[PDB]
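>
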Amino acid sequence: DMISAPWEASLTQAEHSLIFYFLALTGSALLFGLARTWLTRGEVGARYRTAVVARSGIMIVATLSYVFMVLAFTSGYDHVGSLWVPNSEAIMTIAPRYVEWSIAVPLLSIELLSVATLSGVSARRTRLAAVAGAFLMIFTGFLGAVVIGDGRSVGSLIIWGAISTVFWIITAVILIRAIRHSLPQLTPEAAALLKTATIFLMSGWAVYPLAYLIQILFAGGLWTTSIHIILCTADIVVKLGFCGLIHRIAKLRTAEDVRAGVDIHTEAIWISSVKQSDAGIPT
Amino acid sequence: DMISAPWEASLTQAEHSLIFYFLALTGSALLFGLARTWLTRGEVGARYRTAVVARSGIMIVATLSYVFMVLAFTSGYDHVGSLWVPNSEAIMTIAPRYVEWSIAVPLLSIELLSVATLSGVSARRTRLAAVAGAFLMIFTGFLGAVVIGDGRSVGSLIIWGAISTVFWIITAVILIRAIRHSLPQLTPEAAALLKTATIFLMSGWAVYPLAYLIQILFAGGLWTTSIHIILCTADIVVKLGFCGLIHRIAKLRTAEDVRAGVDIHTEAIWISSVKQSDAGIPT
Amino acid sequence: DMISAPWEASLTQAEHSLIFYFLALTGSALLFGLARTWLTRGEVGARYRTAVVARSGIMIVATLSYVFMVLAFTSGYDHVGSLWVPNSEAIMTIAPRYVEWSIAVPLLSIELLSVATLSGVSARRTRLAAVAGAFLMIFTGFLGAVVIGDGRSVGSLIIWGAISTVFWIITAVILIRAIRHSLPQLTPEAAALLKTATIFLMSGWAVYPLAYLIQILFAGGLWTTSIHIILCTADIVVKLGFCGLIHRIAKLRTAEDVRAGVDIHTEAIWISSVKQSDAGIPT
Amino acid sequence: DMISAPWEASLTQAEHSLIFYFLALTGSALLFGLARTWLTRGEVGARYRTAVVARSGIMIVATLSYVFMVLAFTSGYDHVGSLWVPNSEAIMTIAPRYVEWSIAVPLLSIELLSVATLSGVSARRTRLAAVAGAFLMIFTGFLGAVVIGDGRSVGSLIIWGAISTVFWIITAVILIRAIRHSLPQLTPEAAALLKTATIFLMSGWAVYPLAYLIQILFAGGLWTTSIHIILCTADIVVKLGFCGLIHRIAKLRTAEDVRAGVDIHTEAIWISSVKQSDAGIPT
Amino acid sequence: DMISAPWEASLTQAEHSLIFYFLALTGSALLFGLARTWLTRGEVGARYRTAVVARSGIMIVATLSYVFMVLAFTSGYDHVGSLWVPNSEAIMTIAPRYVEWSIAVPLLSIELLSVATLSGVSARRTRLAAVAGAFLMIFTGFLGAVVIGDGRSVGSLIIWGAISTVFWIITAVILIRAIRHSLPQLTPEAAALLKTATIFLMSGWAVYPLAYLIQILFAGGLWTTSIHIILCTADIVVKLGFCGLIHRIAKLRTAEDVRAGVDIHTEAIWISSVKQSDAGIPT
Ligand SMILES: *C/C=C(C)/C=C/C=C(C)/C=C/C1=C(C)CCCC1(C)C
Ligand SMILES: *C/C=C(C)/C=C/C=C(C)/C=C/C1=C(C)CCCC1(C)C
Ligand SMILES: *C/C=C(C)/C=C/C=C(C)/C=C/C1=C(C)CCCC1(C)C
Ligand SMILES: *C/C=C(C)/C=C/C=C(C)/C=C/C1=C(C)CCCC1(C)C
Ligand SMILES: *C/C=C(C)/C=C/C=C(C)/C=C/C1=C(C)CCCC1(C)C
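Residue numbers (PDB author numbering), protein chains in the order written: chain A, 3 to 285; chain B, 3 to 285; chain C, 3 to 285; chain E, 3 to 285; chain D, 3 to 285.
1. From the beta carbon of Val168/C, is the nearest beta carbon of chain B less than 8 Å away?
2. Can you pull the chain C neighbours of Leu66/D, defined as C-beta to C-beta under 7 Å?
3. Which of helix, strand or coil does DSSP assign to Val63/D?
4. Short of 8 Å in beta carbon distance, which residues of its chain neighbour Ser104/E, apart from the five on each side in sequence? Order them along the chain.
5. With DSSP collapsed to three states, give me the class of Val156/D.
6. Let me know if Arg255/D comes out buried or exposed under the rule of 16 or more other beta-carbons within 10 Å of its beta-carbon.
7. Assign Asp237/D to one of two classes, buried (16 or more other C-beta atoms within 10 Å of its C-beta) or exposed (fewer than that).
8. Can you tell me whether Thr198/B is helix, strand or coil according to DSSP?
9. Using the three-state DSSP reduction, which class does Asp80/B fall into: helix, strand or coil?
10. Can you name the start and end residues of the beta strand (DSSP E) that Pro186/B belongs to?
11. Quick check on the DSSP output: the beta strand (DSSP E) that includes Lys277/D runs from which residue to which?
12. Would you say the beta carbon of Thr167/B is closer than 7 Å to some non-hydrogen atom of ligand 2?
13. Between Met139/D and ligand 5, is the CB less than 7 Å from at least one heavy atom?
14. Below 7 Å CB to CB, which residues in the same chain sit around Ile273/B once its five sequence neighbours on both sides are set aside?
15. State buried or exposed for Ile21/B, treating a residue as buried only when at least 16 other CB atoms are found within 10 Å of its CB.
16. Which bits of chain D does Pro98/E rub up against, with CB to CB less than 8 Å?
17. Could you please give me the residues that DSSP links to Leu13/B through a beta bridge?
18. Please compile the residues from chain E whose C-beta is within a distance smaller than 8 Å of the C-beta of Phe144/A.
19. Just the C-alpha distance for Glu17/D and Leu41/C, rounded to the nearest angstrom, thanks.
20. Which residues in the same chain have their Cβ closer than 8 Å to the Cβ of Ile62/A, if we skip the five residues on either side of it in sequence?
21. How about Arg129/A and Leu115/A: do their beta carbons lie closer than 8 Å?
22. What I want to know is whether the C-beta of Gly29/A ends up closer than 7 Å to one or more non-hydrogen atoms of ligand 1.
23. Which chain A residues are close to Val46/B, counting only those with a beta carbon under 8 Å from its beta carbon?
24. Can we count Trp207/A as close to ligand 1, meaning its CB is less than 7 Å from some heavy atom?
25. Output, in sequence order along the chain, the residues in the region 193–224 of chain C whose CB is closer than 9 Å to any CB in chain D.
26. Do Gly29/D and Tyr68/D count as a contact pair if the criterion is CB distance below 8 Å?
27. Compute the minimum distance between the beta carbon of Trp103/C and the heavy atoms of ligand 3, and state whether it is under 7 Å.
28. What would DSSP say about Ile283/E, mapped onto helix, strand or coil?
29. Quick check: is the beta carbon of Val63/B nearer than 8 Å to any beta carbon in chain A?
30. From this set, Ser77/B, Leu85/B, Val101/B, which residue's C-alpha is nearest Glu91/B's C-alpha?
31. Starting from the beta carbon of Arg51/C, find every residue of chain B whose beta carbon is closer than 9 Å, and list them in chain order.
32. Are there any heavy atoms of ligand 5 lying less than 7 Å away from the beta-carbon of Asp237/D, as far as the coordinates show?
33. DSSP on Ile150/C, reduced to helix/strand/coil?
34. Starting from the beta carbon of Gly163/A, find every residue of chain E whose beta carbon is closer than 7 Å, and list them in chain order.
35. Grab me the residues of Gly146/B's own chain with a C-beta within less than 6 Å of its C-beta, minus the 5 sequence neighbours each way, in chain order.
36. So with CB distances below 9 Å, who are the chain C contacts of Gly282/B?
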């Protein structure tokens, strides 16, 4: 059964204006997130700098992706009558999300594990498996949604969506097992924060398949609009909310190292207005 | 009753030149503001770094928005005879302000509360309510002014403007109550500065509805010009003036922490040519 | 009496090539100036950081303006025969200077006063008056040269030029009075440098009205070329020369504070190969 | 015997979408790599800063190259029927890789030798030979693949490929001999890491000739797609994997200098979650 | 006698591909150089920061120039048959080098004198003369090669080339005399490095007139190609090689100041793998 792809639908003026807003809102929010990451990078010790590196990468690639999509949007539809009619570049308002996710979901996995308590073979095993799984979930998604059948084949979307779902399950299990093993080896305060942060990333992941199901089941300007609103909103919530959460844990673990004498930090660490550690200098 | 949207009016050469100037002036002013924020970020302690983060975000998003609009302006009107006639891109000289405001008004709320005395559940309750309220005021504004009716429906502008006004009131009350609760718990010097800063943000907010009322009541090149001049000028005044004001309070509270022994700061803090605290090092 | 605006003249290949060179030379020089400002920002104490902020802003806004103009130049003339014929974008090779000046002349005023000895009501009174005066001089200039009459009305150029000249006089007097009051309260070395720097900014200002007089009196490709050469050259000389000069005074006043025990500085300060203060640390 | 160049093939929608994805994925990955390099630059002592400089250069040049290629891709094919047909810009989706490699392979050579134990005339001799050899391998490759015969001559591809292969062998031998001489003069831990890193760069180099052989042997959209996938994937693996590996060795050698008293480092160095050296200050 | 300018020649596919490569190679190399300058700026004391400022400027202006030229190249030729035929933008693939040189040759002069031992009136006299001479050599070159006669007049090229040659001689003599006077007042190690560096800049300068002589004597695609290859290659060699050389001298003079007690430096200075000074702190 053939369906029409999301980038094939003509848009009303309302829909065209809504999509522009959500794309530009997301790009802007992500650029704020990038700046936040840069400005707060010194709050975290060198032992937990991977958290900052991972988050910087998420914010940079996501920003670039949305900037590309906003420009593609301006060039991918032509006003004809009262409708905006998609040209051959309209696909570049949807496909670049798959590029973003191909990097960002693996980097999220790395960010989450950066503040967990794993080392040795297990650490490397877990990080590789989780990165690989995360990449494959997005890539198989991209094949169904964009490449095989040109986004128009229900069978292709279903098959590749199911494959993507398997990699989702695998990655999730690998990450959840890692966190579960770490929580006993963390301080109560960190353990609690890490558990909460883990629910937010997994739960945030469940929103994205919903846009894929729309592509399978419904076509039209309203549905294209819905896809962009759902994915823009998920991108904002996941890439500001979650990133803030790991930063807090990295700060807390830094401060615990300072108080334990494991390391020193050049500035005081404040979390929710409360001082967690004092500024210090090497002897 | 149908009206014509602001981006539908033909412009005289004078009007076209004035709008270009104001858009480019605002973009430039905001880019200066961004640089100022970056250069002065080390004047504030880690306890008050949210002020800098919030302000950086305002300046980055606003700058991008105006750069986009200046480019849209160059492509959204065609010189025909002695008039500049808007094409289908002219709406991108108005609509991106709603993107900017959708981030900046929530970030202003965060900036103001960053230097207040809250913490606890109330802090999170207040920050979320104020962010949500602020976002909804702009978004409902965007629906009336751009989306529902295509900016041409008086009824839609009135209804959505009224809804936006309710969210304005709510956000204002939430913020004013927070400040009022904080002022007794601040030092007199900070309390006085914080009260003044609060009047400037609320008062600055009242200018923006005036451009919305123009869209409702008057159409033509002169009115489009007026809208852009009012909104550009408000953007400049609010995003340079207010941001400077919170930075001063964050500096003053930093210096008070240094003198109280609550924290140390790597450089001396100067405010209006007077030294507030000395440079210090961890023991 | 009608005249032709500068952006209306056809250019010979020689003139077109000269203008490109001067615009690109100025943009490049200003981008160097920006980099210089960033690289030398730590040579100045926090008490005089406004000098660096002001100068950063001048360099960023001026650079952006010239980059815009160089791109506008490439799109605002079409090679037809042996002539370059201006299209409707040619005005964007002249008008953006008014945007630049609208920010830069106020920021110059702020830079000059940043190293003077004023505080209290007078300080704020002077800074506001000088900023306001400076902005109005440029804005009234822009109205005569670009907006009212489309740059083609001699009467409009004369009237608005005279108004701009009044604001020039006012701003100059306000600044000169401030400097004159400061010089007795500075050390001889700084006083001497500040007096010299003040003559360079005022004298540099007198070049700009000459380009305005050309617009009034002469039209043609040679005159358009002359306007661009004069304004490009003035921009280079004023925005590299003067900025260097205030930086030196800020360095000298920093070093005098270090030697007086008023503050400490993390590095040694060198001025013209001679060490002015040693690197120090907080007790 | 004439063949068709890779940029001459028409692409199906699937192929066009795959190439876009891989180009954008590589550009994004490399931009992450650049950010990583900048954020982790302070983990390495000044004695080994060449490693960071070399790696920064690889990441900046590669990113720029891919950004250029992604934009070229959007302009170098036109949708005609169900095919994307290459225009005269399509060659700019292949040729810029040769620019990237012309800098990056010499910089990789420099990065590898940056952490080796070699100095004096031999050091300069080795660095020059390896840089020269590396540059010539790419340049002779570019001549066969792009310039002589316009990418369409089998004889030219074979001859210039063979020449490029000779320079490959020479560069490899020079580098391997340098590493082999260094390994005895390093600590066991560093020696082991350096040996591993050396295999990864040489092995990574062997992938690239495979894309050249495709150009010789097979033409069509599938083959163009294959070339881009292989080269994008190799670029990602070599420019994220190898660069991480030298950074670790530079960190380890830094930490060994700190523990030996040869130098001090401002922060603690952590490698795989284990502390290698403490933060220190000059006496 | 009329000749054809370099930007008037049609290019074969081979020539077009070679020029693209060299322009993109140079832009990329210079962007690496910029990054190198930024990453190594803290290796030099404040007494010698002019070296870093000068070099930063060379690298920023040169990079921008080549980026402009690469984009101009993509738009300045049209594929027609088997030839690339220049349009009216092709001149922007040659003329921007004159902009770059107009800043970079004066900045090279400043860089060389930054590490010499001249000071007082002589210092300012020398720096002004050398900057002025350097600027005039390039500007008179630009007049002959681009402006007067449109690059087509042999007489104009000869006359203005001769004038440019006089300014070359003057600038060279001024610089050589300064170095010669400095060498006795430097330590042997620095004196030797400074003498070598001086030969490299003067010798590097002699390559550029050769491209000018081609323009006079030969016209065609091969000659245009030759001009771009010679000038690109000279730009790479002069703006990476020489800049590295002054940085080393600035590092060595910094280290000598540290060992003499003239100043302190925050990190150790390493030159060719050997430690020259230890990291220190203010007493
Ligand atoms: C910041 C971006 C994030 C976290 C993106 C997440 C995306 C997914 C979790 C996607 C999952 C999918 C499936 C499980 C089924 C097929 C469709 C996908 C790719 C959307
Ligand atoms: C820096 C940007 C700021 C502070 C923008 C503020 C915008 C508003 C306060 C807008 C308010 C509106 C209403 C209250 C009703 C009419 C619609 C709006 C959105 C203009
Ligand atoms: C860096 C830019 C500077 C210092 C620009 C200065 C511009 C002026 C001083 C302009 C003055 C003018 C008049 C006094 C008369 C009318 C025309 C003006 C605007 C050029
Ligand atoms: C990061 C980029 C890298 C490491 C690129 C490497 C490229 C090569 C090793 C290319 C080698 C080639 C040959 C040995 C034969 C001819 C074709 C070449 C240029 C691909
Ligand atoms: C980094 C750029 C450099 C060092 C450029 C140097 C250019 C010259 C030395 C040019 C000299 C010329 C003459 C002496 C004769 C006329 C032609 C010129 C301008 C190329």
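Just so you know, even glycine gets a beta-carbon here, dropped at the ideal spot from N, CA and C.
Straight from the coordinates:
1. What you label residue 168/C is simply residue 166 of the third sequence in a count that begins at 1. No - not a single Cβ of chain B is within 8 Å of the one on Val168/C.
2. Here residue 66/D refers to the residue found at position 64 of the fifth sequence. Within 7 Å Cβ-Cβ: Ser30, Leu33.
3. Within the fifth sequence, residue 63/D is the residue found at index 61, counting from 1. Here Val63/D sits in helix by DSSP.
4. Position 102 of the fourth sequence holds residue 104/E. Here the set comprises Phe137, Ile140, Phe141, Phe144.
5. Against the fifth sequence, residue 156/D aligns to sequence position 154. Correct three-state label for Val156/D: helix.
6. Position 253 of the fifth sequence holds residue 255/D. By the 10 Å Cβ count, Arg255/D comes out buried.
7. Residue mapping note: residue 237/D aligns to position 235 of the fifth sequence, counting from 1. Counting Cβ neighbours within 10 Å, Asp237/D comes out buried, since at least 16 surround it.
8. On the second sequence, residue 198/B is found 196 positions in, with the first residue counted as 1. If DSSP states are grouped into helix, strand and coil, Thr198/B belongs with the helices.
9. For the purposes of this step, residue 80/B is identified with residue 78 of the second sequence, where counting begins at 1. Correct three-state label for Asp80/B: strand.
10. The residue you call residue 186/B lines up with position 184 of the second sequence. Run containing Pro186/B: none; DSSP gives neither H nor E here.
11. Within the fifth sequence, numbered from 1, the residue matching residue 277/D stands at position 275. 276–279 is the extent of the beta strand (DSSP E) around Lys277/D.
12. Your numbering for residue 167/B matches position 165 in the second sequence. Yes, ligand 2 has a heavy atom inside 7 Å of this Cβ.
13. As a position in the fifth sequence, residue 139/D is number 137, starting the count at 1. Checking every heavy atom of ligand 5 against the Cβ of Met139/D, one is found closer than 7 Å.
14. The residue labelled residue 273/B in the question sits at position 271 within the second sequence. Closer than 7 Å at the Cβ level, and outside the excluded window around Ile273/B, lie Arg250, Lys253, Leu254.
15. Start at 1 with the first residue of the second sequence, and residue 21/B comes out as number 19. Looking at its Cβ environment, which holds 16 or more other Cβ atoms inside 10 Å, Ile21/B is buried.
16. In the fourth sequence, the residue the question calls residue 98/E occupies position 96. Residues of chain D passing the Cβ test: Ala26.
17. The residue given as residue 13/B occupies position 11 in the second sequence. DSSP lists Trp86/B as partners of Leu13/B.
18. For the purposes of this step, residue 144/A is taken as the residue at position 142 of the first sequence. In chain order: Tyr23.
19. Reading the fifth sequence from its first residue, position 15 is the one you call residue 17/D. Reading the third sequence from its first residue, position 39 is the one you call residue 41/C. Rounded to whole angstroms, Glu17/D to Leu41/C spans 40 Å at the Cα level.
20. Looking up residue 62/A in the first sequence gives position 60. Taken in chain order, the residues that qualify are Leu36.
21. Stepping through the first sequence from its first residue, residue 129/A is reached at position 127. Stepping through the first sequence from its first residue, residue 115/A is reached at position 113. Cβ atoms of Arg129/A and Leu115/A: closer than 8 Å.
22. If you number the first sequence from 1, residue 29/A lands on position 27. No, the Cβ of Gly29/A stays beyond 7 Å of every heavy atom of ligand 1.
23. For this step, residue 46/B is matched to residue 44 along the second sequence. The contacting residues do not exist; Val46/B stays about 11 Å from chain A at best.
24. Residue 207/A sits at position 205 when you count from the first residue of the first sequence. Yes, since a heavy atom of ligand 1 falls inside the 7 Å radius drawn around the Cβ of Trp207/A.
25. none
26. If you number the fifth sequence from 1, residue 68/D lands on position 66. If you number the fifth sequence from 1, residue 29/D lands on position 27. Taking 8 Å as the Cβ cut-off, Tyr68/D and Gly29/D qualify as a contacting pair.
27. For the purposes of this step, residue 103/C is taken as the residue at position 101 of the third sequence. Indeed, a heavy atom of ligand 3 lies less than 7 Å from the Cβ.
28. Here the question's residue 283/E lines up with position 281 in the fourth sequence. Residue state, collapsed to three classes: coil.
29. Position 61 of the second sequence, counting from 1, holds the residue named residue 63/B. True, the Cβ-Cβ gap to chain A drops below 8 Å.
30. Here residue 91/B refers to the residue found at position 89 of the second sequence. The shortest Cα separation from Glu91/B among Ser77/B, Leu85/B, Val101/B belongs to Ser77/B.
31. Reading the third sequence from its first residue, position 49 is the one you call residue 51/C. The contacting residues are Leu41, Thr42, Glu45, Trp272.
32. Residue numbering aside, residue 237/D sits at position 235 when the fifth sequence is read from its first letter. Checking the Cβ of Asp237/D against ligand 5 gives yes.
33. In the third sequence, residue 150/C corresponds to position 148, counting from 1. Three-state DSSP puts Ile150/C in coil, outside helix and strand.
34. Looking up residue 163/A in the first sequence gives position 161. Ordered by position in chain E, no residue passes the 7 Å Cβ test against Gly163/A, which lies about 17 Å from the chain.
35. Numbered from 1 along the second sequence, position 144 holds the residue referred to as residue 146/B. The answer, listed in chain order, is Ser158, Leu159, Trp162, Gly163.
36. Position 280 of the second sequence, counting from 1, holds the residue named residue 282/B. The answer, in chain order, is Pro284, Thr285.
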